[PDB]
Novice: 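Quick one: the structure is below, and I'll ask about it shortly.
Numbering starts at 1 and runs along the sequence shown. Below, each value reflects all heavy atoms present in this structure, side chains not excepted, and no hydrogens, waters or symmetry copies.
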Amino acid sequence: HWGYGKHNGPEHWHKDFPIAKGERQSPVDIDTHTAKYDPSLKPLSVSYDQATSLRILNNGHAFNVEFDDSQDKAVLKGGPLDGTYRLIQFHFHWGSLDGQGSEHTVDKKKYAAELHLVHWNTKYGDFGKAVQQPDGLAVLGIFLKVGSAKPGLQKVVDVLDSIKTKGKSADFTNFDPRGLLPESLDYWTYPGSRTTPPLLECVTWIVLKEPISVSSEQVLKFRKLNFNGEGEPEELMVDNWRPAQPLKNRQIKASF
Ligand SMILES: CC(=O)Nc1nnc(S(N)(=O)=O)s1
Ligand SMILES: [Hg+2]
Ligand SMILES: [Zn+2]
C-alpha cells in the first residue's frame with residue numbers, strides 16, 4: 001500500500017484515493033501577503049489541563065501519541081470553530097534533513113518538522129462519524145525549527161527506542177501536551193483535508209504562526225525510526241510529508 005517512497009509516494013495516492021485531486025486538499029502554502037486578516041476570528045481556547053495520554057505506537061508512517069477522548073478531557077474551542085473538539089492523538093511529519101519536513105509551508109518556507117494535534121467534533125459522537133462531515137475534524141499545526149532543545153518533548157524522544165519498528169506500541173501515560181505549544185496562539189486557518197490517506201476533506205486547519213524550537217539531537221532521534229516492521233530490511237522513517245497542494249479558490253484567513 002501507500003507510503004512515502006518512489007513507488008508509493010504522494011504522487012501515486014490518487015489511484016487508490018481519487019479525492020487526492022479534490023477541492024479542499026492539504027497541506028498548502030501559506031502566502032502571508034495574500035492571507036486575509038479576519039477581525040471576527042476569536043482567540044483560540046486550548047483546555048488541556050485534564051489530558052490523559054495512554055500509549056505511543058509506530059503505525060509505519062509516523063508515531064502517534066494516543067489520548068483518552070471518552071470525555072471532554074482535552075478539548076479545543078474558540079478560534080474559527082463552532083462547538084468543542086476533543087484531542088484523540090498527536091503525531092509528527094519530519095524530514096531527512098533540517099531544511100524539509102513540514103507539510104504546510106510559509107511563503108514557501110519549509111520547516112524541520114510539523115506537529116499535528118488531531119481533534120474531532122464531539123456534536124458527532126465518535127471519531128468515525130466525525131470523518132463523515134465537512135466540519136468533522138480540527139487540526140492544530142505547529143512548526144518545529146532546529147535550535148534550542150524542547151524540554152517538554154524529551155519524554156517523547158526517550159521512548160522512541162521502544163517503538164522502533166511498525167506495529168510496536170508502549171504505555172505512555174501522564175504526558176502533558178501543553179509542553180509542545182508556543183507562547184503565541186496567533187494562527188492561520190482554512191478548510192482542508194487529512195494529509196494522509198483516506199485524505200478526507202473534514203478538516204478545519206489551524207496553523208500557529210510561531211514555531212517551537214527543538215535541538216538537532218531531538219530531531220535526530222525521530223529519524224532513527226523504521227517504516228518497516230521488525231525482522232525486515234531497514235527503511236528509515238524520514239520524509240513522511242506530503243507536498244503542498246493547490247489552494248483552488250479557498251481563502252486563508254489570519255487571526256492577526
Ligand atoms: C486517525 C487520524 O486522525 N489519523 C490522521 N492521520 N493523519 C492525520 S493529519 N496529518 O492529516 O492530521 S490525522
Ligand atoms: Hg468529511
Ligand atoms: Zn499529520
Side-chain angles (χ1 to χ4, degrees), residues 3-6 9-11 26-32 35 46 56-65 89-118 139-161 163-164 172 175-190 192 194-196 203 205-227 234-245 252 256:
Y4 300 82
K6 158 83 148 199
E11 62 280 9
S26 339
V28 302
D29 177 60
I30 294 171
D31 177 330
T32 70
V46 173
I56 191 167
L57 74 167
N58 171 343
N59 63 7
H61 322 287
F63 65 90
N64 302 158
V65 164
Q89 65 106 293
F90 73 71
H91 60 266
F92 305 76
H93 300 268
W94 66 91
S96 43
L97 291 332
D98 293 345
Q100 67 195 24
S102 60
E103 287 209 305
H104 290 95
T105 52
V106 178
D107 282 333
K108 282 294 206 305
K109 168 190 160 68
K110 284 178 166 107
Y111 286 85
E114 194 165 327
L115 171 51
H116 289 154
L117 294 107
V118 183
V139 189
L140 227 206
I142 298 169
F143 297 113
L144 279 51
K145 51 151 160 197
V146 171
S148 299
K150 192 83 196 153
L153 177 77
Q154 203 60 33
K155 225 215 184 199
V156 163
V157 148
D158 286 337
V159 86
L160 284 181
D161 267 325
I163 65 173
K164 174 163 181 102
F172 196 71
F175 179 81
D176 192 338
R178 295 177 301 185
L180 299 174
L181 305 184
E183 177 199 312
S184 195
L185 297 183
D186 287 345
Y187 66 90
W188 299 283
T189 172
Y190 82 94
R194 161 190 298 219
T195 60
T196 71
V203 185
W205 278 97
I206 299 157
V207 186
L208 264 47
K209 172 169 87 179
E210 177 183 335
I212 54 160
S213 50
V214 302
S215 69
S216 199
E217 22 282 319
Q218 311 189 280
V219 84
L220 261 170
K221 286 161 197 175
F222 282 21
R223 296 173 187 149
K224 284 174 138 213
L225 276 42
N226 286 176
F227 288 119
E234 201 172 1
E235 193 204 345
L236 287 188
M237 183 180 293
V238 309
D239 294 321
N240 62 336
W241 55 274
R242 184 194 192 190
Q245 308 296 304
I252 298 172
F256 63 97

Novice: What distance do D158 atom CG and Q218 atom CD have between them, rounded to the nearest 0.5 Å?
Specialist: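 The distance works out to 9.0 Å.
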
Novice: Do the side chain of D107 and the main chain of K109 share a donor and acceptor less than 3.5 angstrom apart?
Specialist: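 Checking the backbone N and O of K109 against the side chain of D107, no donor-acceptor pair under 3.5 Å is found.
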
Novice: State, yes or no, whether a side-chain contact exists between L208 and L140 at a heavy-atom distance under 4.5 Å.
Specialist: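 Yes, their side chains come closer than 4.5 Å.
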
Novice: So, the side chain of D186 versus the backbone of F256: is there a donor-acceptor pair under 3.5 Å, distance only?
Specialist: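 Answer holds: no.
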
Novice: Answer yes or no: are there more than 12 heavy-atom neighbours, outside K145 itself, under 6.0 Å from its atom NZ?
Specialist: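 Open.
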
Novice: Apply the test salt bridge (charged side-chain N to carboxylate O under 4.0 Å, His left out) to residues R242 and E11: give CA-CA distance (whole Å), side-chain angles for both, the deciding distance (0.1 Å), then the verdict.
Specialist: CA-CA 9 Å; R242 184 194 192 190; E11 62 280 9; over 6 Å; no

Novice: Could you tell me whether the side chain of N58 reaches within less than 4.5 Å of the side chain of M237, counting heavy atoms only?
Specialist: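 The answer is yes; the side chains approach within 4.5 Å.
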
Novice: Could you check if a side-chain atom of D31 sits within less than 4.5 angstrom of a side-chain atom of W188, using non-hydrogen atoms only?
Specialist: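 No; the side chains remain at least 4.5 Å from each other.
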
Novice: Show your reasoning for whether side chain to side chain contact (heavy atoms under 4.5 Å, CB included) applies to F90 and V118.
Specialist: CA-CA 6 Å; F90 73 71; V118 183; over 6 Å; no

Novice: Compare all side-chain heavy atoms of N240 with those of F227 and state whether any distance is below 4.5 angstrom.
Specialist: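 Yes, at least one pair of side-chain atoms sits under 4.5 Å.
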
Novice: How about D161: does its CG atom have over 12 heavy atoms from other parts shown lying under 6.0 Å from it?
Specialist: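 For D161, atom CG is not crowded (no more than 12 foreign heavy atoms under 6.0 Å).
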
Novice: Could you walk me through whether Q245 and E103 pass the side chain to side chain contact (heavy atoms under 4.5 Å, CB included) check?
Specialist: CA-CA 10 Å; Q245 308 296 304; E103 287 209 305; over 6 Å; no

Novice: Return the minimal non-hydrogen interatomic distance between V46 and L181, and the atom names on each side.
Specialist: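 For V46 and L181, the tightest heavy-atom pair comes out as CG1-CD1, 3.9 Å.
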
Novice: Check whether NZ of the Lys or CZ of the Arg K209 lies under 6.0 Å from the centre of the six-membered ring of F143 and within 45 degrees of that ring's axis.
Specialist: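 Judged by the rule, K209 and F143 form no cation-pi pair.
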
Novice: Exactly one of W94, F92, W241, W205 should register a ring pair (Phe, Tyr, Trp, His ring centres under 6.0 Å) with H116. Which one does?
Specialist: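 When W94, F92, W241, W205 are each tested with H116, the ring pair (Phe, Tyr, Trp, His ring centres under 6.0 Å) holds only for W205.
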
Novice: Before accepting this row, confirm whether a basic side-chain N of the pair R178/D176 lies closer than 4.0 Å to the acidic partner's carboxylate O.
Specialist: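 Yes, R178 and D176 are salt-bridged.
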
Novice: Flag the pair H93 / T195 as yes when at least one side-chain heavy-atom distance between them is below 4.5 Å, and no otherwise.
Specialist: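 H93 vs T195: side chains touch.
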
Novice: To the nearest 0.5 Å, tell me how far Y190 OH sits from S26 OG.
Specialist: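 The distance works out to 3.5 Å.
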
Novice: If you look at every heavy atom in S215 and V146, which pair is closest and at what distance?
Specialist: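 Between these two residues, the closest heavy atoms are C-CG1, 4.4 Å.
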
Novice: Which heavy-atom pair separates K221 from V157 by the least distance, and what is that distance?
Specialist: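 So the minimum-distance heavy-atom pair works out to CD-CG1, 3.1 Å.
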
Novice: Around atom NZ of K110, are there more than 12 heavy atoms of other residues, nucleotides or ligands at under 6.0 Å?
Specialist: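 No, because the 6.0 Å sphere around NZ of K110 holds 12 heavy atoms or fewer from other groups.
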
Novice: When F222 is tested against each of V214, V238, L160 for side-chain contact (heavy atoms from CB on, under 4.5 Å), which residue passes?
Specialist: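 Between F222 and the candidates, side-chain contact (heavy atoms from CB on, under 4.5 Å) is satisfied uniquely by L160.
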
Novice: Compare all side-chain heavy atoms of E114 with those of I142 and state whether any distance is below 4.5 angstrom.
Specialist: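 Not in contact.
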
Novice: So which atom in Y4 and which in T196 form the shortest heavy-atom distance, rounded to 0.1 Å?
Specialist: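 Closest heavy-atom pair between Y4 and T196: OH-CG2, 3.2 Å.
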
Novice: Within a strict 4.5 Å, meaning less than it, do heavy atoms of the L225 and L236 side chains meet?
Specialist: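 Not in contact.
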
Novice: Does the side chain of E235 pick up a donor-acceptor pair with the side chain of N226 at under 3.5 Å?
Specialist: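 Checked: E235/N226 side chains show no N/O donor-acceptor pair below 3.5 Å.
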
Novice: Above 12 or not: heavy atoms from other molecules or residues under 6.0 Å from CD of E183?
Specialist: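 No, because the 6.0 Å sphere around CD of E183 holds 12 heavy atoms or fewer from other groups.
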
Novice: For the residue pair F172 and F63, is the inter-centroid distance of their aromatic rings smaller than 6.0 Å?
Specialist: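 They do not qualify: ring centres at least 6.0 Å apart.
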
Novice: What are the two closest non-hydrogen atoms of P182 and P211, and how far apart are they?
Specialist: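 Heavy atoms only, the tightest pair is CB-O, 4.3 Å.
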
Novice: Considering non-hydrogen atoms only, spot the tightest contact between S102 and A113 and give its length.
Specialist: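 Reported closest heavy-atom pair: CB-O, 3.9 Å.
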
Novice: Side chain to side chain contact (heavy atoms under 4.5 Å, CB included) for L115 and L144? Distances and angles first, verdict last.
Specialist: CA-CA 7 Å; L115 171 51; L144 279 51; 4.0 Å; yes

Novice: Do the side chains of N64 and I56 get nearer than 4.5 Å, heavy atoms only?
Specialist: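 The answer is no; the side chains never approach within 4.5 Å.
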
Novice: Any chance you could lay out the side chain to side chain contact (heavy atoms under 4.5 Å, CB included) test for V106 and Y111, step after step, and finish with the verdict?
Specialist: CA-CA 9 Å; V106 178; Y111 286 85; 4.2 Å; yes

Novice: May I have the step-by-step check of salt bridge (charged side-chain N to carboxylate O under 4.0 Å, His left out) for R223 and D98, ending in yes or no?
Specialist: CA-CA 11 Å; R223 296 173 187 149; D98 293 345; 2.7 Å; yes

Novice: Between OH of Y187 and CD1 of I206, what distance do you get to the nearest 0.5 Å?
Specialist: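 It is 6.5 Å, given to the nearest 0.5 Å.
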
